[PDB]
file query31.txt (compact mmCIF, N, CA and C atoms)
# COMPACT_ATOMS: atom_id res chain seq x y z
N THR A 295 7.51 21.14 -8.89
CA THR A 295 8.00 20.02 -9.67
C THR A 295 8.49 18.93 -8.73
N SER A 296 8.49 17.69 -9.23
CA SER A 296 8.96 16.56 -8.45
C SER A 296 9.51 15.48 -9.37
N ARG A 297 10.73 15.02 -9.09
CA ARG A 297 11.38 13.94 -9.83
C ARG A 297 11.74 12.85 -8.84
N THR A 298 11.39 11.60 -9.16
CA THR A 298 11.55 10.49 -8.23
C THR A 298 12.38 9.37 -8.84
N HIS A 299 12.75 8.41 -7.99
CA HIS A 299 13.52 7.24 -8.38
C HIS A 299 13.14 6.10 -7.45
N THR A 300 12.80 4.95 -8.02
CA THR A 300 12.28 3.81 -7.27
C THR A 300 13.20 2.61 -7.44
N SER A 301 13.16 1.69 -6.48
CA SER A 301 13.79 0.38 -6.59
C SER A 301 12.77 -0.68 -6.21
N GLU A 302 13.00 -1.93 -6.63
CA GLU A 302 12.06 -3.02 -6.40
C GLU A 302 12.79 -4.35 -6.55
N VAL A 303 12.39 -5.35 -5.76
CA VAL A 303 12.78 -6.74 -5.98
C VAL A 303 11.50 -7.54 -6.21
N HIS A 304 11.56 -8.50 -7.13
CA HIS A 304 10.38 -9.26 -7.54
C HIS A 304 10.58 -10.74 -7.25
N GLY A 305 9.47 -11.44 -7.04
CA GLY A 305 9.51 -12.87 -6.79
C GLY A 305 8.18 -13.52 -7.11
N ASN A 306 8.26 -14.81 -7.46
CA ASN A 306 7.08 -15.61 -7.76
C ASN A 306 7.35 -17.04 -7.32
N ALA A 307 6.28 -17.77 -7.01
CA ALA A 307 6.38 -19.15 -6.57
C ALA A 307 5.08 -19.88 -6.88
N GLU A 308 5.14 -20.80 -7.84
CA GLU A 308 3.98 -21.60 -8.23
C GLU A 308 4.45 -22.92 -8.80
N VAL A 309 3.88 -24.02 -8.31
CA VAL A 309 4.20 -25.36 -8.79
C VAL A 309 2.96 -25.94 -9.45
N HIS A 310 3.16 -26.94 -10.31
CA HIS A 310 2.09 -27.51 -11.11
C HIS A 310 1.57 -28.79 -10.46
N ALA A 311 0.28 -29.06 -10.67
CA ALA A 311 -0.35 -30.27 -10.17
C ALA A 311 -1.38 -30.75 -11.19
N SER A 312 -1.01 -31.77 -11.96
CA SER A 312 -1.89 -32.38 -12.93
C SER A 312 -1.87 -33.90 -12.75
N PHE A 313 -2.43 -34.65 -13.70
CA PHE A 313 -2.45 -36.10 -13.57
C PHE A 313 -1.06 -36.71 -13.76
N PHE A 314 -0.19 -36.04 -14.50
CA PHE A 314 1.16 -36.54 -14.75
C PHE A 314 2.24 -35.49 -14.56
N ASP A 315 1.94 -34.21 -14.77
CA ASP A 315 2.95 -33.16 -14.88
C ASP A 315 3.19 -32.52 -13.52
N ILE A 316 4.46 -32.45 -13.11
CA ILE A 316 4.88 -31.72 -11.92
C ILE A 316 5.83 -30.61 -12.37
N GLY A 317 6.02 -29.62 -11.50
CA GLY A 317 6.86 -28.49 -11.88
C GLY A 317 7.27 -27.64 -10.70
N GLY A 318 7.74 -26.44 -11.03
CA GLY A 318 8.20 -25.49 -10.03
C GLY A 318 8.69 -24.22 -10.70
N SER A 319 8.74 -23.14 -9.91
CA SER A 319 9.07 -21.83 -10.46
C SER A 319 9.66 -20.92 -9.39
N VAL A 320 10.73 -20.21 -9.76
CA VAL A 320 11.29 -19.11 -8.99
C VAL A 320 11.53 -17.96 -9.96
N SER A 321 11.94 -16.80 -9.43
CA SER A 321 12.05 -15.62 -10.28
C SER A 321 12.98 -14.58 -9.65
N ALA A 322 13.00 -13.40 -10.27
CA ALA A 322 13.76 -12.24 -9.82
C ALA A 322 13.15 -10.99 -10.44
N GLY A 323 13.89 -9.88 -10.38
CA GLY A 323 13.49 -8.68 -11.08
C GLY A 323 13.84 -7.42 -10.32
N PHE A 324 14.15 -6.36 -11.07
CA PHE A 324 14.42 -5.04 -10.50
C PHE A 324 13.73 -3.95 -11.32
N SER A 325 12.76 -3.27 -10.70
CA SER A 325 11.99 -2.23 -11.37
C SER A 325 12.28 -0.86 -10.76
N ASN A 326 12.21 0.16 -11.60
CA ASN A 326 12.42 1.55 -11.19
C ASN A 326 11.29 2.40 -11.78
N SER A 327 11.37 3.71 -11.54
CA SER A 327 10.38 4.67 -12.04
C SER A 327 10.98 6.07 -12.00
N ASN A 328 10.52 6.91 -12.93
CA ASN A 328 10.95 8.31 -13.02
C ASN A 328 9.70 9.14 -13.32
N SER A 329 9.06 9.66 -12.28
CA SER A 329 7.85 10.46 -12.43
C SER A 329 8.20 11.94 -12.36
N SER A 330 7.73 12.70 -13.35
CA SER A 330 7.97 14.14 -13.44
C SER A 330 6.62 14.85 -13.40
N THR A 331 6.19 15.23 -12.20
CA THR A 331 4.96 15.99 -12.02
C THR A 331 5.27 17.47 -12.17
N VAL A 332 4.53 18.15 -13.04
CA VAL A 332 4.61 19.60 -13.18
C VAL A 332 3.23 20.16 -12.84
N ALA A 333 3.11 20.74 -11.65
CA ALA A 333 1.82 21.16 -11.11
C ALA A 333 1.72 22.67 -11.14
N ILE A 334 0.64 23.18 -11.73
CA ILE A 334 0.37 24.61 -11.80
C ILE A 334 -0.93 24.86 -11.05
N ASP A 335 -0.87 25.69 -10.01
CA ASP A 335 -2.00 25.93 -9.14
C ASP A 335 -2.36 27.41 -9.11
N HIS A 336 -3.63 27.69 -8.82
CA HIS A 336 -4.11 29.03 -8.56
C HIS A 336 -5.11 28.97 -7.41
N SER A 337 -5.22 30.07 -6.68
CA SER A 337 -6.07 30.11 -5.49
C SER A 337 -6.81 31.43 -5.42
N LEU A 338 -7.99 31.38 -4.80
CA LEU A 338 -8.77 32.57 -4.49
C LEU A 338 -9.38 32.42 -3.10
N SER A 339 -9.38 33.51 -2.35
CA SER A 339 -10.01 33.54 -1.04
C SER A 339 -10.54 34.94 -0.80
N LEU A 340 -11.84 35.03 -0.53
CA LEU A 340 -12.51 36.31 -0.29
C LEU A 340 -13.11 36.27 1.11
N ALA A 341 -12.45 36.93 2.06
CA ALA A 341 -12.88 36.91 3.45
C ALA A 341 -13.56 38.23 3.80
N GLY A 342 -14.61 38.14 4.61
CA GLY A 342 -15.28 39.31 5.14
C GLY A 342 -15.36 39.19 6.65
N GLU A 343 -15.72 40.30 7.30
CA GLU A 343 -15.86 40.32 8.75
C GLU A 343 -16.90 41.35 9.16
N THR B 295 -3.77 22.75 -12.12
CA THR B 295 -3.47 22.05 -13.36
C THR B 295 -2.17 21.26 -13.17
N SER B 296 -2.14 20.02 -13.65
CA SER B 296 -0.93 19.22 -13.58
C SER B 296 -0.90 18.24 -14.75
N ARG B 297 0.21 18.25 -15.49
CA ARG B 297 0.42 17.33 -16.60
C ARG B 297 1.69 16.55 -16.31
N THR B 298 1.54 15.26 -16.02
CA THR B 298 2.60 14.46 -15.43
C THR B 298 3.18 13.49 -16.46
N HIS B 299 4.51 13.46 -16.56
CA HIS B 299 5.24 12.48 -17.37
C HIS B 299 5.92 11.51 -16.41
N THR B 300 5.52 10.24 -16.45
CA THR B 300 6.08 9.22 -15.56
C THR B 300 6.83 8.18 -16.39
N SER B 301 8.10 8.45 -16.67
CA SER B 301 8.96 7.50 -17.37
C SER B 301 9.29 6.33 -16.45
N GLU B 302 9.46 5.15 -17.04
CA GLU B 302 9.74 3.94 -16.28
C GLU B 302 10.87 3.16 -16.94
N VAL B 303 11.80 2.67 -16.12
CA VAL B 303 12.75 1.63 -16.51
C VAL B 303 12.58 0.47 -15.54
N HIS B 304 12.91 -0.74 -16.00
CA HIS B 304 12.47 -1.96 -15.33
C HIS B 304 13.30 -3.15 -15.81
N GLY B 305 13.50 -4.11 -14.92
CA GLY B 305 14.10 -5.38 -15.28
C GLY B 305 13.31 -6.53 -14.70
N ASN B 306 13.10 -7.57 -15.51
CA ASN B 306 12.18 -8.65 -15.18
C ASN B 306 12.89 -9.99 -15.33
N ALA B 307 12.42 -11.00 -14.60
CA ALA B 307 13.00 -12.34 -14.66
C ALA B 307 11.98 -13.36 -14.19
N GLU B 308 11.83 -14.45 -14.96
CA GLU B 308 11.03 -15.60 -14.57
C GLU B 308 11.76 -16.87 -15.01
N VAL B 309 11.38 -18.00 -14.41
CA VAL B 309 11.83 -19.32 -14.86
C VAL B 309 10.81 -20.35 -14.38
N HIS B 310 10.78 -21.50 -15.06
CA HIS B 310 9.90 -22.61 -14.71
C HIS B 310 10.68 -23.91 -14.85
N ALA B 311 11.12 -24.47 -13.72
CA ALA B 311 11.97 -25.66 -13.70
C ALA B 311 11.10 -26.91 -13.76
N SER B 312 11.40 -27.78 -14.72
CA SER B 312 10.62 -29.00 -14.94
C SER B 312 11.60 -30.12 -15.27
N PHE B 313 11.07 -31.24 -15.78
CA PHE B 313 11.90 -32.39 -16.12
C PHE B 313 12.75 -32.10 -17.36
N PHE B 314 12.09 -31.88 -18.50
CA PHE B 314 12.78 -31.59 -19.74
C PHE B 314 12.31 -30.31 -20.42
N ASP B 315 11.04 -29.94 -20.30
CA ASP B 315 10.52 -28.68 -20.82
C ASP B 315 10.63 -27.64 -19.72
N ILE B 316 11.86 -27.22 -19.44
CA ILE B 316 12.16 -26.14 -18.50
C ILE B 316 12.15 -24.83 -19.27
N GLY B 317 11.39 -23.86 -18.77
CA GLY B 317 11.24 -22.59 -19.46
C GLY B 317 11.72 -21.44 -18.60
N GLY B 318 12.42 -20.50 -19.24
CA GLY B 318 12.93 -19.34 -18.55
C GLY B 318 12.70 -18.08 -19.36
N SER B 319 12.54 -16.97 -18.65
CA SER B 319 12.33 -15.68 -19.29
C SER B 319 12.81 -14.56 -18.37
N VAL B 320 14.01 -14.04 -18.65
CA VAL B 320 14.46 -12.78 -18.09
C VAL B 320 14.07 -11.70 -19.09
N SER B 321 13.87 -10.48 -18.60
CA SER B 321 13.29 -9.43 -19.43
C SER B 321 13.61 -8.07 -18.84
N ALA B 322 12.93 -7.06 -19.37
CA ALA B 322 13.10 -5.69 -18.92
C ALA B 322 11.78 -4.96 -19.16
N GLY B 323 11.83 -3.63 -19.05
CA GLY B 323 10.66 -2.80 -19.27
C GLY B 323 11.03 -1.35 -19.50
N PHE B 324 10.22 -0.68 -20.31
CA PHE B 324 10.31 0.76 -20.53
C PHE B 324 8.91 1.29 -20.79
N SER B 325 8.53 2.34 -20.07
CA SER B 325 7.18 2.86 -20.19
C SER B 325 7.14 4.32 -19.80
N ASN B 326 6.12 5.02 -20.28
CA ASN B 326 5.84 6.40 -19.93
C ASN B 326 4.33 6.55 -19.75
N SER B 327 3.92 7.63 -19.10
CA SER B 327 2.51 7.95 -18.99
C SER B 327 2.35 9.46 -19.03
N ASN B 328 1.51 9.94 -19.94
CA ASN B 328 1.25 11.37 -20.11
C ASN B 328 -0.07 11.67 -19.43
N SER B 329 -0.01 11.90 -18.12
CA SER B 329 -1.20 12.05 -17.29
C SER B 329 -1.44 13.53 -16.99
N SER B 330 -2.49 14.09 -17.60
CA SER B 330 -2.89 15.48 -17.38
C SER B 330 -4.03 15.48 -16.36
N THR B 331 -3.74 15.97 -15.15
CA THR B 331 -4.68 15.93 -14.04
C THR B 331 -5.12 17.35 -13.68
N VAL B 332 -6.42 17.60 -13.76
CA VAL B 332 -7.01 18.85 -13.31
C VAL B 332 -7.83 18.57 -12.06
N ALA B 333 -7.99 19.60 -11.23
CA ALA B 333 -8.74 19.49 -9.99
C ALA B 333 -9.41 20.82 -9.69
N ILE B 334 -10.72 20.78 -9.45
CA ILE B 334 -11.52 21.97 -9.21
C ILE B 334 -12.02 21.92 -7.77
N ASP B 335 -11.71 22.96 -7.00
CA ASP B 335 -12.01 23.02 -5.58
C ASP B 335 -12.91 24.20 -5.26
N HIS B 336 -13.90 23.95 -4.41
CA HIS B 336 -14.77 24.99 -3.87
C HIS B 336 -14.96 24.73 -2.39
N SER B 337 -14.63 25.72 -1.56
CA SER B 337 -14.55 25.53 -0.12
C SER B 337 -15.27 26.66 0.60
N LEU B 338 -15.33 26.54 1.93
CA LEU B 338 -16.04 27.49 2.79
C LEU B 338 -15.42 27.45 4.18
N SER B 339 -15.73 28.48 4.97
CA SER B 339 -15.38 28.53 6.39
C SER B 339 -16.24 29.59 7.07
N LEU B 340 -16.63 29.32 8.32
CA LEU B 340 -17.48 30.21 9.11
C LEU B 340 -16.85 30.34 10.50
N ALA B 341 -15.96 31.31 10.67
CA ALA B 341 -15.23 31.48 11.92
C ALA B 341 -15.85 32.59 12.76
N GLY B 342 -16.01 32.33 14.06
CA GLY B 342 -16.53 33.33 14.98
C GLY B 342 -15.78 33.37 16.29
N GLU B 343 -15.24 34.53 16.66
CA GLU B 343 -14.40 34.67 17.83
C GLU B 343 -15.07 35.55 18.88
call {"tool": "encode", "arguments": {"input": "query31.txt", "output": "structure tokens"}}
result
Amino acid sequence: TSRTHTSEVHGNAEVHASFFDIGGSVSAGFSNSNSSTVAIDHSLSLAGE
Amino acid sequence: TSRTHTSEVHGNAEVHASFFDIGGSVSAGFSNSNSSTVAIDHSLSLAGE
């Protein structure tokens, strides 16, 4: 089994360019995650000599 | 065999600075994924000492 925890910072930057319109943009953000993997495995090995 | 639950929490933020039509959007997020992953392996080895 595996349980995780993530952090993140986000950003964006885009300005406008038209015949009349100008602009600008900034941002933020914090993202996380909680992944719960439950892995069930089986194996076989048949060796000879 | 593996069946994975990946829960997510998240926070989001955007803005668009302009003259008078300035737009902003802070936000968040919540998500899960029910990912059932199987994997079938067949292998070999030929060792000689």
call {"tool": "interface_residues", "arguments": {"input": "query31.txt", "of": "chain A", "to": "chain B", "cutoff": "7 Å", "atoms": "only C-alpha atoms", "output": "list in words"}}
result
residues 317, 318, 319, 320, 321, 322, 323, 324, 325, 326, 327, 328, 329, 330, 331, 332, 333, 334 and 335 of chain A
call {"tool": "calpha_fit_rmsd", "arguments": {"input": "query31.txt", "fixed": "chain A", "moving": "chain B"}}
result
1.4 Å
call {"tool": "select_by_dssp", "arguments": {"input": "query31.txt", "residues": "chain A", "states": "strand (DSSP E)", "output": "count of residues only"}}
result
14
